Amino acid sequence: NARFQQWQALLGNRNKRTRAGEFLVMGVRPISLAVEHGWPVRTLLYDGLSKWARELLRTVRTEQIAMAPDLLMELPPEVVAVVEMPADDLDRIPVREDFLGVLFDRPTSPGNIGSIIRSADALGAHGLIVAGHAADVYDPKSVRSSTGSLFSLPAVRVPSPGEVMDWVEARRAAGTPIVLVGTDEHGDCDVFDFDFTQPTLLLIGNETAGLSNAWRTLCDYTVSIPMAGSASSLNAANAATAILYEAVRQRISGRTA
């Protein structure tokens, strides 16, 4: 199976994904979110029994290929889509007065990427930016842990932090006064003393190093989650979730107070 051997290396490495302009998505529910949100499904691989899976086959008019149970078990899925990777265009992320965004600086864990995508999506954020030497958004561990939120929350990989600022300066020029907000071990202020009712990009650092200093230079404010003591820290996705929850709380509350 020649087509299959192309599909198996789509899981294995970033290099071949981005040469083919596609990636693998598993599960009836995530695939349905992909279709629902406009992402082209080039191929749709299926085992040759569930009600949802059957409904997908006669609603999604694309290349439909039946598969042996042996071959589908590679990581077990009943349906698997080959879904079109879209360009890394920062204007895919909508920016309005209530702008609420996340920037993940140089993440090493794809699991953390997908996880923050899920939290950003559930808690009302409008986009994610994966800046710098990163693990790939379209890694299977990221896709999986997004739990389909990849498809509703636009996640843009942007090599340089310079290209991010140019898109930030431009939203500023339009009227939305985005403010860059770093997280720190050395936090200026408690997260709950800061005003998340304003257009906000939230900068979150590597799991093992902090935010890069260069990201700290561009940061207008810095916030910290108050901790119990000396040798305690939060996983980046967990910390990002808590801060997003605080932003939601203030916006609903109409105040910090």
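All residue numbers are counted from 1 along the displayed sequence.
Asks: Count up the deposited residues without coordinates from residue 38 to residue 39 and drop the result into none, 1 to 3, 4 to 9, or 10 or more.
Replies: Unresolved stretch here: none.
Asks: Could you bin the unmodelled part of the deposited chain lying between residue 75 and residue 76 as none, 1 to 3, 4 to 9, or 10 or more?
Replies: Gap between residue 75 and residue 76: 4 to 9 residues without coordinates.
Asks: What stretch has the higher average Cα B-factor here, 22-30 or 202-210?
Replies: Mean C-alpha B-factor is greater for 202-210.
Asks: Out of 5-13 and 245-253, which one has CA B-factors that are higher on average in the deposited record?
Replies: In the deposited entry, the stretch with the higher C-alpha B-factor mean is 5-13.
Asks: Among all modelled residues of this chain, ranked by Cα B factor, put residue 160 in the bottom, middle or top third, i.e. lowest, middle or highest.
Replies: It falls in the top third of the chain.
Asks: Can you tell me which third, lowest, middle or highest, the CA B-factor of residue 180 falls into for its chain?
Replies: It falls in the middle third of the chain.
Asks: If you rank every modelled residue in this chain by C-alpha B factor, which third holds residue 133: lowest, middle or highest?
Replies: Its C-alpha B-factor, which the entry lists for residue 133, ranks in the lowest third among residues of this chain.
Asks: Thinking about Cα B factors across the chain, which third does residue 88 belong to?
Replies: Its C-alpha B-factor belongs to the middle third of this chain's values.
Asks: C-alpha B factor of residue 42, ranked within the chain: lowest, middle or highest third?
Replies: Within its chain, residue 42 is a middle-third residue by C-alpha B-factor, going by the deposited values.
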